[PDB]
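Participant: Sequence unavailable; structure follows:
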Ligand SMILES: *[C@@H]1O[C@H](CO)[C@@H](O)[C@H](O)[C@H]1NC(C)=O
Ligand SMILES: *[C@@H]1O[C@H](CO)[C@@H](O)[C@H](O)[C@H]1NC(C)=O
Ligand SMILES: *[C@@H]1O[C@H](CO)[C@@H](O)[C@H](O)[C@H]1NC(C)=O
Ligand SMILES: *[C@@H]1O[C@H](CO)[C@@H](O)[C@H](O)[C@H]1NC(C)=O
Ligand SMILES: *[C@@H]1O[C@H](CO)[C@@H](O)[C@H](O)[C@H]1NC(C)=O
Ligand SMILES: *[C@@H]1O[C@H](CO)[C@@H](O)[C@H](O)[C@H]1NC(C)=O
Ligand SMILES: CC(=O)OCC[N+](C)(C)C
Ligand SMILES: CC(=O)OCC[N+](C)(C)C
């Protein structure tokens, strides 16, 4: 419509609106940013490389007083869509990312209300590093964290705040290999820094052990049960060495296969 | 050369050249594009994935009537290089590519002749799908 | 300084300097480029893939008569650092590359002397095709 | 007189006061009906281990822009023009269940614009999507891999999707020799 | 009256006649002192076969720009601002011994500019640097991989480097579980290159890293010792059992396989021989 394009031109007019400047009002105040992580799918956990891949929708909500308008002057329009690349954003990124990809994947539009409220929900494929615990494999439970911070602004310029104490699973696709246990979120300050703030999500996932049970543990038990037969084999048969050497070979091969499955870390066996 | 700078400014003046318009006047006539693939190297043939990788130059020639000049007015210049991103291009791509890389790799300069003949030789690395016969 | 920024603004002014044109004074005159290769490290030789990876510094020296200035008019400045992305460059590439990487890796600053001499020494990680004799 | 001169005039007229960030509807209550279809160039890979399907498709999209209209009689009977897709408003259709690829179309080919306001945009795209793999009867197994497409930021009251055709177009399909498509149908939800 | 409006005015003022290609000194004889330091986020990989170290570091840089100063009293007490780092002059610090990566920082995060002209820039980078690997005492080996940083085109009289802190920062270090950092110290050096007549400084960081040997112990050493326990058994087997050949052949082939496994880990360098390799080769010979 003519009114919508007039409004969009008015809001993004570079002469009146600079996207490089924080929308701080009342003086040396801080912009409050609300975060909410929505887990759409747990794509994979790579134990060997210790990387978790997720498909998340990152809700970011703040207020920009410069993106305000009066609905009466604009045909009673209450909200508009603006390209996120043309407005100020709080540069919230996944700080503990592996593969060096900090930002979201798409940069969708931002829904702007007439009162300056901003609602941004970009999607993202994230690769985060996490510490794999190998002791109880394949009956292991993992704890992979996702740390979100602004790599532009410190706590004196913006304040990160959780919208909910947990991550949303409203539109989640079940994994098949991993079971979701808990997805709590926490806002962390530093008592000795005062410029540090982050929001961290703990992904408590639990492996479903059937696949590795059947494909690794039962064969291992079967080979192990053969370790005692050499002592019931008569010496005249002339096949003791064959049996015990074969058992040792199979056991070593299984040891090496397990070594190739788990990460090559030395903290635990 | 100052003359070449003057010629380049004259040819690509926005008031007389729009690269969004196909050089076809007097009705929607056809712009004939002459194509020639020159194989620089057969990089590899991955049979497991059935993908052939090649290094080629996708030679393309066509006539742009708007890029003509009188050589006598420009120190008898009969050819000039123009950046291919600033002229109308025939968007010739590799349709049967695997990995989804359609376009050329570099977008080199085009050699425009005084009569409007364009000669463009962009390099390209292509990954094309093909049927492997394992018999 | 104020003088240095005045000089750099004058030199790179797109109004008077077109980085897309060869710095040839006459139509038949040719630009001589001096090349020297400095091998920082021989990273790897992959016999199976037939590729040699090297870390080399590629010296390139030429003259651009358009990037001249008089030192007395610029506080006796004898040379300046200009971004190589904003001056005319000879598109010297590794032609027999094995990874589709033709250009240098960094595009460092070019050192420009008041008489038009350009000194450019970008670093590069090169992967060149090599026929391997395994006998 | 020449077609080129009339086309230059038309292009200057069309984009004089055009805003590509505004939904192109004359009246706010109108809905932008986007006719959406898929044509599969080839089924590049079905990764059972990683449960990803890689496809090469053409994302066929058609809609009406009320500002990109003209009378061909005033422009030497020019009935349509090809324009870069980055000059005009486009729907932001993304693949929901993306895995290891791009959410949106990135190639941005030229759009075909007709004098009645119709826009036809058919860019290519490589998509890597998640699909649950069932190997109960492997190697005699039949898989069912889905691709979910929708506007990311416009609700049904603003952008509505229309199924161009029931079945994915396979006229230019490059047969793989490992997999056979039994049925590919789009379902509106 | 609002901080945003004052910041807009300040930005208009600062970049009125700013040239990002000119070295930011008031006098040509002044040197730009760049306080340089590294903060390591995680040791991504030590590739012994290819002799490369992959690291994720924050490249802390800090210099003074003489044209980016203002009086906060004139701008609603705005004391500092964040600006895109691509709008200002930046030092061209590059990693000399790059291998399979990038020479310079590529992310180009925003810079923190202070009213007194101080610029702080802390971009992230992933560096893949070459280092000589010595596996004499593998898997109980200690590696010494270096990273050489310095300006590429400005000599010591134009840009000089200052060690922010001799020790590399590990306050936000993500522990690997495979290596431990014994020592990570940066050393300031100057030297002349045949390219150029001036002196170019650099800071070289030496990462002394110790391998945690439990994983390779369990997976290689112990199986090798168990096989080694059986090397002499053939001489106690009676000739009537008809199984001497089976045992000795099995031992030989197992040792050969384990030697091949070790070969796939260590670099193919001819300067040192791993002790494990020598032991396996001698056992195979006997
Ligand atoms: C838009 O459509 C609504 C619904 O029919 C109508 O009430 C309104 O008058 C229309 N606006 C204009 C400007 O025609
Ligand atoms: C206009 O062009 C169309 C084809 O695009 C043709 O069918 C029609 O006859 C033409 N009309 C005139 C008046 O030239
Ligand atoms: C494939 O899956 C879709 C949605 O999950 C379902 O509607 C359809 O019936 C399935 N078809 C087969 C053959 O499994
Ligand atoms: C710059 O420094 C030199 C060395 O101290 C001095 O001779 C010269 O006068 C200075 N220039 C200005 C403009 O102060
Ligand atoms: C200016 O702001 C600083 C904090 O950045 C504060 O310490 C100082 O008191 C303020 N001064 C005035 C005059 O407001
Ligand atoms: C590591 O190497 C550096 C540079 O070669 C040297 O200065 C340092 O002493 C070495 N340290 C050890 C423990 O080998
Ligand atoms: C408004 C917005 O960005 O919504 C994104 C999520 N989606 C596509 C499920 C509505
Ligand atoms: C001036 C110039 O480009 O020097 C590059 C080489 N280096 C870093 C050894 C001096």
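Facilitator: Nice, thanks for sending it over. Numbers count the residues shown, from 1 in each chain, chains lettered A, B, ... in the order given. Ligands and ions are numbered 1, 2, ... in the order given.
Participant: Which helix or strand contains the closest residue to residue A:188 other than its chain neighbours?
Facilitator: Nearest residue to residue A:188, sequence neighbours excluded (CB to CB, 6 or more residues apart in numbering or on different chains): residue A:198, at 5.0 Å. Bear in mind the C-beta positions are built from the backbone N, C-alpha and C, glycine included. According to DSSP states H and E, residue A:198 maps onto strand A:197-207.
Participant: In the stretch 151-269 of chain A, what residue comes closest to ligand 8?
Facilitator: residue A:151 (29.3 Å; CB to the nearest ligand atom).
Participant: Check chain D too.
Facilitator: residue D:106 (36.0 Å).
Participant: doesn't residue D:126 make contact with that residue?
Facilitator: No - if you go by CB atoms under 8 Å, residue D:106 and residue D:126 don't touch, sitting 9.1 Å apart.
Participant: Looking at those two, which is more packed in?
Facilitator: residue D:126 (19 against 12; other CB atoms under 10 Å in any protein chain shown).
Participant: Tell me how far the more buried one lies from chain C.
Facilitator: Distance of residue D:126 to chain C, computed by CB to the nearest CB, to the nearest Å: 19 Å.
Participant: what residues are up against the closest residue in space to residue D:9 that isn't next to it in sequence?
Facilitator: Leaving aside its sequence neighbours, residue D:9 sits nearest to residue D:75 (CB to CB, 6+ apart; 6.5 Å). Going by CB atoms under 8 Å, 6 or more residues apart in numbering or on different chains, residue D:75 touches D:6, D:7, D:9, D:10.
Participant: can you check residue A:59 too?
Facilitator: So residue A:59 contacts A:34, A:35, A:36, A:37, A:38, A:119, A:120, A:121, A:163 (CB under 8 Å, 6+ apart).
Participant: make it 6 Å
Facilitator: A:36, A:121 (CB atoms under 6 Å, 6 or more residues apart in numbering or on different chains).
Participant: Can you say which helix or strand has residue A:180 in it?
Facilitator: strand A:178-182.
Participant: residues touching residue A:81, list them.
Facilitator: Contact analysis of residue A:81 by CB under 6 Å, 6+ apart lists A:109, D:153.
Participant: Try it again at 8 Å.
Facilitator: Applying CB under 8 Å, 6+ apart, we find residue A:81 in contact with A:109, A:110, A:111, A:112, D:21, D:23, D:153, D:154.
Participant: Would you mind giving both backbone torsions of it?
Facilitator: phi -100, psi 130 (degrees, to the nearest 10).
Participant: Residue D:30 versus that one, what's the distance?
Facilitator: Distance of residue A:81 to residue D:30, given as CB to CB, to the nearest Å: 15 Å.
Participant: The nearest residue to residue A:106 once chain neighbours are set aside - how many residues pack around it?
Facilitator: Residue nearest to residue A:106 in three dimensions, not counting chain neighbours: residue D:103, with 4.4 Å by CB to CB, 6+ apart. When neighbours are defined as other CB under 10 Å, residue D:103 has 23 of them.
Participant: Surely residue A:145 touches residue A:205?
Facilitator: No - Residue A:145 is beyond contact range of residue A:205, at 11.7 Å (criterion: CB under 8 Å).
Participant: Compare those two (neighbour count), which wins?
Facilitator: Between residue A:145 and residue A:205, counting by other CB under 10 Å, residue A:205 is the more crowded of the two (22 against 15).
Participant: How about the contacts made by residue D:147?
Facilitator: Contact analysis of residue D:147 by CB under 8 Å, 6+ apart lists D:38, D:55, D:95, D:97, D:127, D:129.
Participant: wait, the residue nearest to residue A:106 sits on residue A:107?
Facilitator: No - the criterion here is CB under 8 Å, and residue D:103 misses it with residue A:107 at 9.7 Å.
Participant: For the chain, just list every one of the strands.
Facilitator: Using chain A. Under the criterion DSSP state E, chain A contains strands at A:31-46, A:51-68, A:79-83, A:92-94, A:109-113, A:115-120, A:123-129, A:141-150, A:158-162, A:178-182, A:185-189, A:197-207.
Participant: You answered for a different chain; I wanted chain D.
Facilitator: Using DSSP E, the strands of chain D run over D:32-47, D:52-64, D:80-84, D:93-95, D:110-114, D:118-121, D:124-130, D:149-151, D:159-163.
Participant: ok, back up a step: so how far is residue D:83 from the residue nearest to residue D:9?
Facilitator: 14 Å.
Participant: quick one on the thing from earlier: now that we have the strands of chain A, can you turn them into CSV and tack on distance to ligand 6?
Facilitator: Shown next, in CSV, are the strands of chain A (distance: least, CB to the nearest ligand atom, whole Å):
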stretch, distance to ligand 6
strand A:31-46, 33
strand A:51-68, 31
strand A:79-83, 50
strand A:92-94, 34
strand A:109-113, 51
strand A:115-120, 48
strand A:123-129, 27
strand A:141-150, 33
strand A:158-162, 41
strand A:178-182, 42
strand A:185-189, 36
strand A:197-207, 35
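Participant: Which one, of those, ends up nearest to residue A:25?
Facilitator: Ranking the strands of chain A by proximity to residue A:25 (CB to CB) places strand A:51-68 first, at 5.3 Å.
Participant: ok so, going back, need the max-distance pair from the contacts of residue A:81.
Facilitator: Largest separation among the contacts of residue A:81 by CB to CB: A:110 and D:23, giving 14.7 Å.
Participant: between those two, who's got more neighbours?
Facilitator: When residue A:110 and residue D:23 are compared for neighbours, residue A:110 comes out ahead with 25 against 21, by other CB under 10 Å.
Participant: follow-up on the earlier one: what sits against the residue nearest to residue A:106?
Facilitator: Here residue D:103 is in contact with A:105, A:106, A:123, D:94, D:95, D:152 (CB under 8 Å, 6+ apart).
Participant: Report the distance from stretch A:162-173 to the chain centre.
Facilitator: Relative to its chain's centre, stretch A:162-173 lies at 12 Å (CA atoms, centre = their mean, to the nearest Å).
Participant: Next, the buried residues of it.
Facilitator: For stretch A:162-173, burial by neighbour count (16 or more other CB atoms under 10 Å in any protein chain shown) applies to A:162, A:167, A:168, A:172, A:173.
Participant: Dump those into CSV; add distance to chain D as well.
Facilitator: Output for the buried residues of stretch A:162-173, formatted as CSV (distance: CB to the nearest CB, whole Å):
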residue, distance to chain D
A:162, 23
A:167, 18
A:168, 15
A:172, 12
A:173, 7
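Participant: Near residue A:222, how many other residues are there?
Facilitator: Residue A:222 has 10 neighbours, counted by other CB under 10 Å.
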